[PDB]
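Participant: After the structure tokens below, expect a handful of questions from me.
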Amino acid sequence: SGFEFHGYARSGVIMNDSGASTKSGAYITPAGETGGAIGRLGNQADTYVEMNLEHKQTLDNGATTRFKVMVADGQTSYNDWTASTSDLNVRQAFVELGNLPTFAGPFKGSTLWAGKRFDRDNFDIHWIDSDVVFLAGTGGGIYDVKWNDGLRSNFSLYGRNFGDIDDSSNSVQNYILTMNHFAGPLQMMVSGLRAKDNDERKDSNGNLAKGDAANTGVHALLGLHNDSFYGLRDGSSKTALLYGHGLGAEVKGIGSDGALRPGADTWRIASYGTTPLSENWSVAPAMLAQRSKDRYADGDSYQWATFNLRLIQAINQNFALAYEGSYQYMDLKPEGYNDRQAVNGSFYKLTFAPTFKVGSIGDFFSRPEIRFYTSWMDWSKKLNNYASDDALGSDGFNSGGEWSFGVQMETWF
Amino acid sequence: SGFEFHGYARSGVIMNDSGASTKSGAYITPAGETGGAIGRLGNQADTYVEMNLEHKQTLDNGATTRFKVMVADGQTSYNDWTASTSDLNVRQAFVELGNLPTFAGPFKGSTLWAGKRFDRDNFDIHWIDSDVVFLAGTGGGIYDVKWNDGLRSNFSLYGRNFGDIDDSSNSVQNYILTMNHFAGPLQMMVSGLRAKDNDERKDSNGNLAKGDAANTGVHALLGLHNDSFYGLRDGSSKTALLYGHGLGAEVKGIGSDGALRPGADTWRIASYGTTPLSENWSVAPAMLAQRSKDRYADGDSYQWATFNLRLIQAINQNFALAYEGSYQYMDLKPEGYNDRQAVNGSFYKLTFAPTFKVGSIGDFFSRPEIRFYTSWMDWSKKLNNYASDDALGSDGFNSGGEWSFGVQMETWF
Amino acid sequence: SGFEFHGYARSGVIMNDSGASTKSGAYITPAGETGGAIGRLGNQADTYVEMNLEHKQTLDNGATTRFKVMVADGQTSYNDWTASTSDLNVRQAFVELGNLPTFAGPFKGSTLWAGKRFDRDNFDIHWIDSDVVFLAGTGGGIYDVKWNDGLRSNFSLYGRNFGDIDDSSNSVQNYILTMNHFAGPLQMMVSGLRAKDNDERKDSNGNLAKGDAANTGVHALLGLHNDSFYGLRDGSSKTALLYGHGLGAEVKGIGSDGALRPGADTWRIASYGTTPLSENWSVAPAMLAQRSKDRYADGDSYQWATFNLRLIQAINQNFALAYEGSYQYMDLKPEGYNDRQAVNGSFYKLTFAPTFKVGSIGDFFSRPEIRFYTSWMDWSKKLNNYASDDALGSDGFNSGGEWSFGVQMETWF
Ligand SMILES: OC[C@H]1O[C@@](CO)(O[C@H]2O[C@H](CO)[C@@H](O)[C@H](O)[C@H]2O)[C@@H](O)[C@@H]1O
Ligand SMILES: OC[C@H]1O[C@@](CO)(O[C@H]2O[C@H](CO)[C@@H](O)[C@H](O)[C@H]2O)[C@@H](O)[C@@H]1O
Ligand SMILES: OC[C@H]1O[C@@](CO)(O[C@H]2O[C@H](CO)[C@@H](O)[C@H](O)[C@H]2O)[C@@H](O)[C@@H]1O
Ligand SMILES: OC[C@H]1O[C@@](CO)(O[C@H]2O[C@H](CO)[C@@H](O)[C@H](O)[C@H]2O)[C@@H](O)[C@@H]1O
Ligand SMILES: OC[C@H]1O[C@@](CO)(O[C@H]2O[C@H](CO)[C@@H](O)[C@H](O)[C@H]2O)[C@@H](O)[C@@H]1O
Ligand SMILES: OC[C@H]1O[C@@](CO)(O[C@H]2O[C@H](CO)[C@@H](O)[C@H](O)[C@H]2O)[C@@H](O)[C@@H]1O
Ligand SMILES: [Ca+2]
Ligand SMILES: [Ca+2]
Ligand SMILES: [Ca+2]
């Protein structure tokens, strides 16, 4: 065949009760810095776009060829001309050679790839704008090596960079070796990471950028992909247990954190489900919790847990009422790192969003959708103290209740 | 259906009688700073490109779905690699849900939209590179609410930003509420603008960026869309009378000027027509005049009137001779704002441009076209004094007559 | 017709025997600064992408219409988000009017164009990532003016810029006039270049950027396009003899070098061939040699010669073994320019690269291909002294043997 255009786009407005700007984002809480994402409905004011241009090809012998480029940009500005603050950048550029006649045995229907890409098998928890696992970078590998006709595996090498790619003395390559095995509903992912002399990166001045930074890492994922809402109702669900040590201590963006100590230790649990309550109501609960010790400073600790609950109610074939509630508890002990002060407390979010679409309302993933919304946000005052250049506690976002309103669209195809 | 690729692109060269650079642009005159556009033929040396990638969709029930992104860049450099000066940026990203089976009554054939976009109903005077009205930003709204079967209306909320989107104390959101009514050839547009605490934006130093800047504004447009050359000959024409106060004092780019005073008052007239003189000649006159008082400085005044005249002459089915004459009078009293000195005088432009195309020559909008040209420009010497970093009066562009030559292409599809 | 998406994309990884970064690139040798490219197989660690979006159109009368934009970006970073270092930029934007019913005689099937583009008739030596001739910029022209039914010619005007396009006193336009004639396998190209007052460009401080820089230039290309491997075996081959003086002294990127002296004199020879040794082996030898005197400093001299040899061996219908050997000699006498020290010596490169593809292996240009590789590089220690911020001699790339490994994809469609 030929060309295909795919992509994602969110774009909207959010204002407080006075018709002016406020803070918003799935990562605005102090916990957000270590991955503590909260509900995103009516809580995203940026114009984010991803453009996927593809060149597919099928040969008569069954062999496939595929090329894809991803160009992305994310703007907080509402203006029609954002050249000065543009973030337009090529995120992906890779080729896939699939179903080769020459590959036999366990390599029968396997697909070889190379270039810069997001791993095909990454997966996320949509309502919280957080990936469960996100393996990206530049490299190569093979998908779907079928063993015994009931155990498939992926093997790959992904390369990333740490520090300033322009400053040779403050730049390091981080490599990741990963084997991903799938056996029915079960998934076992194991990665080995390594960035030689990461601890010896000198900044522009001549001093050590870190000194106690890790040079290696280990990462693992244990996942369960169900075809029912946790086995008790129609729907679907996914549960994943993540573990990381050293450079592997950042369990979502694998190999994306160059500041982790050798002893940085992380455990994380991601879980969510989709289930129809009635021919008009659908519910999707999700939880993300993490425990990270000795991450950036000796003796530090970052603990938080997010609970998100999205509910849609079909009224028409085109109109639905969506609701979202987020709850997050956090206890962060930064030990002076980044001028952060130890903090603990909770964050809450309530959103009511009338939604229009043409697709199946009971489907959380049917996308052309336009929504109007209102949110209420509150939190323990102590969280204001985590940072001084933070969102919580800045000018006009420190009181108890904060109200926001807006309109936005979101799609993918 | 699926994917659609649409766009615009102009690109070419302009040199003076010595084979070296000169000044060019529809906005080069002192009047240009307040909107005083002049003829653009042979007067645009940049490579400007707009790329529109769309994903349209039609459901069996008549409902439509549409997503569009616009990526643009504008370069003055003639080089094949402009990475260092690139202005590539996402101008638009929106979705439209049209003709929903669930929308009845006045909402019958209406289309709902959200995201970042240029209003569907903006319209321009092409030969002068000036929109009559340009509503753009991020928001949402609805098009074509049919009342009594002879009165359609559009309602919407558009959001924009003033100042540095990165500097929190020098950054403000400006919101625009607008109702646009159409009744046959008549159009009545009304907008309310509001940017809370615009007057309190402190620059990076700590001082007020303005102090006497407006926080609100009002804007109106009275348009007449004819199906004849001003009712006296075959063709078409449009006339619009624009008025603005406060933040609405910038009558073209609505909500785009954050330095306007509360008492800034502006009146503007836009008018043009298209008419075939014979089966081989076509003429298009256009006029843009403006009166703006107390705009940026107390007691200031900007007045100017542009007269453009584009003539084409079919010689073949592929060759045409195009001519353009521009005349502009201006009287500007800046009262010391920006180091500008009060000035008054006139500007002239004559352009002869052999043109090649495949489309209908009598049509001013059939686009694939390549043109060669020569231009002569002259103006009142006094205009050289408006500014010191101006175009008129810079090194090599201060004498009486100024000749230019070049080639350029222009399209849209 | 409508839309066409075409492009090029290379993307991969290169690491040394310690799993860390190394130097790589077809232009890393001291000779590279004056065009001395070496083998590129397994010697390109960047993610370079070119996206070509086109809008073609054919009218019933045979007349064609074509619009093309090329958007490119090149990153050395392996990361999935390169907004901070993005080089995304519009490289081309042009229109072509082909086969006009009105064009008769020698203009019969000729094609008119204008805008920013790379000349349709540029051609390169692929394995060494070097164009033989590269005419690009902004202008207009005509392709295929048929004389006597055995002599075709292209005539064109190309515009380029020297210096900082933003700094008016350090900015100059360089214009190129070129006539390119083809008579069977023979090609004769002649260009006149001129940048008025190039020698008078004052940098930001107020001093002359150069002072002894050239204002004009001359360029000539003599080429032979064969339908056999140098007339002794099946295949193909091309040989070109290039000459340049003054501004024409940079014989590849015509009009792209603003620092050349008036007496800069350059001779270059490019030649390569393609030939199948057997139904499984294919060989492609290539040579690039250059002699450049009085280039940037009076009495300077840059001489070098690159010999590249690519060999592929089909093992399957999808698996091939590719080998590449590069040899380069250089004798450079910079005469103090840029802090370079006169140097002489040779560079060697051996690369073994198992390659996967679906297309014709014996075809060096069939593209979807994924390769794994290992390279060995060594050079005369003296070359380390050419510059201090060079690649040869930097930290960890100064010893004798340097090994590298990696995987990468490369395509075009
Ligand atoms: O359809 C798969 C494809 O969609 C993207 C957006 O282009 O992700 C969106 O859709 C997913 C469902 O398949 C959601 O889980 C996700 O949150 C949403 O952004 C791609 O990332 C994915 O490849
Ligand atoms: O799939 C792309 C990739 O983008 C990230 C940012 O790294 O998230 C953006 O794109 C998603 C598309 O699926 C959106 O759902 C998300 O809202 C947006 O921020 C990744 O999380 C995702 O893997
Ligand atoms: O065809 C409508 C579409 O064309 C654009 C360029 O993409 O505007 C061009 O064509 C108009 C005629 O429809 C001209 O009036 C205008 O000056 C010209 O740039 C778009 O702006 C418009 O949506
Ligand atoms: O339509 C896009 C929008 O771009 C502006 C700049 O804001 O003008 C550019 O794009 C036009 C496309 O119609 C071109 O005709 C014009 O020459 C170019 O500068 C607006 O005026 C226009 O509405
Ligand atoms: O196929 C022509 C077209 O391909 C490009 C890449 O898009 O060049 C590639 O293919 C050429 C063979 O036709 C190679 O010689 C060249 O090295 C390779 O990059 C374009 O440059 C060319 O227009
Ligand atoms: O064809 C585009 C043009 O790009 C240059 C850089 O000016 O080279 C890049 O693009 C080529 C596409 O054919 C690639 O083959 C090449 O590897 C890449 O660096 C020119 O050499 C080429 O003419
Ligand atoms: Ca805070
Ligand atoms: Ca001046
Ligand atoms: Ca060196």
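In the structure tokens, chains take letters A, B, ... by order of appearance, with residues numbered from 1 within each chain and ligands from 1 in the order shown.
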Please identify all polymer residues within 7 Å of residue 272 of chain C, counting only C-alpha atoms, omitting same-chain residues fewer than 2 positions from it, and present them as a list in words.

Facilitator: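 Residues meeting the cut-off are residues 125, 237, 238, 239, 284, 285, 286 and 287 of chain C.
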
Participant: Could you list the protein, DNA and RNA residues that have any atom within 9 Å of ligand 8, counting only C-alpha atoms and all ligand atoms, and write them as a list in words?

Facilitator: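 The residues near ligand 8 are residues 30, 383, 384, 385, 386, 387, 388, 389, 390, 391, 392, 393, 394 and 398 of chain B.
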
Participant: Please identify every polymer residue within 6 Å of ligand 2, using only C-alpha atoms and all ligand atoms, and present the set as an mmCIF file with N, CA, C and O atoms, in the first residue's frame.

Facilitator:
```
data_model
loop_
_atom_site.group_PDB
_atom_site.id
_atom_site.type_symbol
_atom_site.label_atom_id
_atom_site.label_comp_id
_atom_site.auth_asym_id
_atom_site.auth_seq_id
_atom_site.Cartn_x
_atom_site.Cartn_y
_atom_site.Cartn_z
ATOM 1 N N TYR A 8 -2.089 12.206 17.375
ATOM 2 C CA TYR A 8 -2.813 12.537 18.585
ATOM 3 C C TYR A 8 -2.783 14.049 18.711
ATOM 4 O O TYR A 8 -1.855 14.685 18.226
ATOM 5 N N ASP A 129 -2.631 10.329 32.066
ATOM 6 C CA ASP A 129 -1.539 10.715 31.171
ATOM 7 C C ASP A 129 -0.175 10.166 31.626
ATOM 8 O O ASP A 129 0.839 10.872 31.612
ATOM 9 N N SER A 130 -0.146 8.880 31.963
ATOM 10 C CA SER A 130 1.065 8.241 32.423
ATOM 11 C C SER A 130 1.201 6.886 31.801
ATOM 12 O O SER A 130 0.261 6.094 31.815
ATOM 13 N N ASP A 131 2.380 6.622 31.262
ATOM 14 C CA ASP A 131 2.663 5.333 30.695
ATOM 15 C C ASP A 131 2.882 4.375 31.870
ATOM 16 O O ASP A 131 3.189 4.814 32.990
#
```

Participant: Please provide the set of residues having any atom within 8 Å of residue 160 of chain A, restricted to only C-alpha atoms, with same-chain residues fewer than 6 positions apart removed, written as a PyMOL selection string.

Facilitator: (chain A and resi 137-138+173-175+255-256) or (chain C and resi 77-79)

Participant: Could you work out which residues of chain B fall inside 7 Å of chain C? Count only C-alpha atoms, and format the result as a list in words.

Facilitator: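 Per the criterion, chain B yields residues 5, 9, 11, 12, 13, 20, 21, 77, 78, 79, 80, 81, 82, 83, 86, 88, 318, 370, 407, 408 and 409 of chain B.
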
Participant: Output N, CA and C atoms for every residue in the selection just made, as a compact mmCIF listing (two decimals), in the first residue's frame.

Facilitator:
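The resulting again33.txt:
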```txt
# COMPACT_ATOMS: atom_id res chain seq x y z
N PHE B 5 -4.24 16.99 2.30
CA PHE B 5 -3.10 17.84 2.47
C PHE B 5 -3.41 19.12 1.72
N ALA B 9 2.01 28.61 -0.13
CA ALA B 9 3.45 28.77 -0.18
C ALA B 9 3.81 29.85 -1.17
N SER B 11 7.40 31.97 -2.50
CA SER B 11 8.83 31.83 -2.37
C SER B 11 9.45 32.41 -3.59
N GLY B 12 10.44 33.26 -3.37
CA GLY B 12 11.10 33.89 -4.48
C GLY B 12 12.19 34.82 -4.05
N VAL B 13 12.73 35.52 -5.04
CA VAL B 13 13.85 36.44 -4.91
C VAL B 13 13.53 37.87 -5.29
N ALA B 20 21.89 43.19 -5.49
CA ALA B 20 22.04 43.07 -4.03
C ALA B 20 20.69 43.27 -3.31
N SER B 21 20.68 43.02 -2.01
CA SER B 21 19.47 43.12 -1.21
C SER B 21 18.83 44.50 -1.09
N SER B 77 15.94 34.21 4.55
CA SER B 77 17.14 33.59 4.01
C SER B 77 16.78 32.71 2.81
N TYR B 78 17.60 32.82 1.75
CA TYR B 78 17.48 32.08 0.48
C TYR B 78 18.14 30.69 0.52
N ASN B 79 18.84 30.39 1.61
CA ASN B 79 19.56 29.13 1.76
C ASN B 79 18.73 27.91 1.92
N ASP B 80 19.35 26.78 1.58
CA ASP B 80 18.70 25.48 1.61
C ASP B 80 18.70 24.81 2.99
N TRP B 81 19.28 25.48 3.99
CA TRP B 81 19.33 24.95 5.34
C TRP B 81 19.26 26.15 6.29
N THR B 82 18.09 26.33 6.90
CA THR B 82 17.79 27.43 7.80
C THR B 82 17.47 27.06 9.24
N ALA B 83 18.04 25.95 9.70
CA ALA B 83 17.85 25.44 11.05
C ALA B 83 18.10 26.49 12.15
N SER B 86 15.05 29.03 11.96
CA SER B 86 13.74 28.43 11.71
C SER B 86 12.57 28.89 12.62
N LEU B 88 9.48 27.42 12.35
CA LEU B 88 8.55 26.30 12.23
C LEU B 88 7.72 26.20 13.50
N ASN B 318 -1.79 30.19 -20.82
CA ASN B 318 -0.78 30.03 -19.77
C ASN B 318 0.03 31.29 -19.40
N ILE B 370 3.75 31.24 -11.40
CA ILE B 370 5.13 31.66 -11.38
C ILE B 370 5.15 33.05 -11.98
N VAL B 407 11.96 36.81 -9.32
CA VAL B 407 11.05 35.77 -9.74
C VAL B 407 10.47 35.18 -8.47
N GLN B 408 9.27 34.63 -8.53
CA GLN B 408 8.70 33.98 -7.35
C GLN B 408 7.51 33.09 -7.71
N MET B 409 7.22 32.11 -6.87
CA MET B 409 6.06 31.28 -7.10
C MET B 409 5.14 31.50 -5.92
```

Participant: Report as JSON, numbers by chain which protein, DNA and RNA residues come within 10 Å of ligand 5, using only C-alpha atoms and all ligand atoms.

Facilitator: {"C": [6, 7, 8, 9, 10, 49, 50, 51, 52, 118, 119, 120, 121, 122, 123, 124, 125, 126, 127, 128, 129, 130, 131, 364, 365, 366, 367, 410, 411, 412, 413]}

Participant: Rounded to one decimal, what separation in Å do you get between atom 3 (C, counted along the ligand's line) of ligand 4 and atom CA of residue 27 of chain B?

Facilitator: 15.1 Å

Participant: Please indicate the distance in Å from atom CA of residue 329 of chain C to atom CA of residue 26 of chain C, rounded to one decimal place.

Facilitator: 14.4 Å

Participant: Extract the full set of helix (DSSP H, G or I) residues from segment 66-284 of chain B according to DSSP on the backbone, and format it as a PDB file with C-alpha atoms, in the first residue's frame.

Facilitator:
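Once everything was written out, this is selection-v7.pdb:
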```
ATOM      1  CA  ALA B  83      17.846  25.442  11.051  1.00  0.00           C
ATOM      2  CA  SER B  84      19.461  28.346  13.016  1.00  0.00           C
ATOM      3  CA  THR B  85      16.718  30.840  12.074  1.00  0.00           C
ATOM      4  CA  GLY B 105     -33.933  23.004  15.401  1.00  0.00           C
ATOM      5  CA  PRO B 106     -31.528  25.929  14.886  1.00  0.00           C
ATOM      6  CA  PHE B 107     -28.593  23.537  15.490  1.00  0.00           C
ATOM      7  CA  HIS B 126      -5.389  39.085  -0.921  1.00  0.00           C
ATOM      8  CA  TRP B 127      -3.391  41.576  -3.029  1.00  0.00           C
ATOM      9  CA  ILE B 128      -2.328  43.529   0.011  1.00  0.00           C
ATOM     10  CA  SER B 168       4.804  34.291  35.065  1.00  0.00           C
ATOM     11  CA  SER B 169       4.754  37.971  36.175  1.00  0.00           C
ATOM     12  CA  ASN B 170       4.821  39.301  32.605  1.00  0.00           C
ATOM     13  CA  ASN B 198      -2.728  43.415  31.833  1.00  0.00           C
ATOM     14  CA  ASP B 199      -1.651  46.778  33.277  1.00  0.00           C
ATOM     15  CA  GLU B 200       0.201  45.016  36.103  1.00  0.00           C
ATOM     16  CA  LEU B 247      -7.939  46.068  23.725  1.00  0.00           C
ATOM     17  CA  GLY B 248     -10.238  45.922  20.681  1.00  0.00           C
ATOM     18  CA  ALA B 249      -8.424  48.944  19.233  1.00  0.00           C
TER      19      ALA B 249
END
```
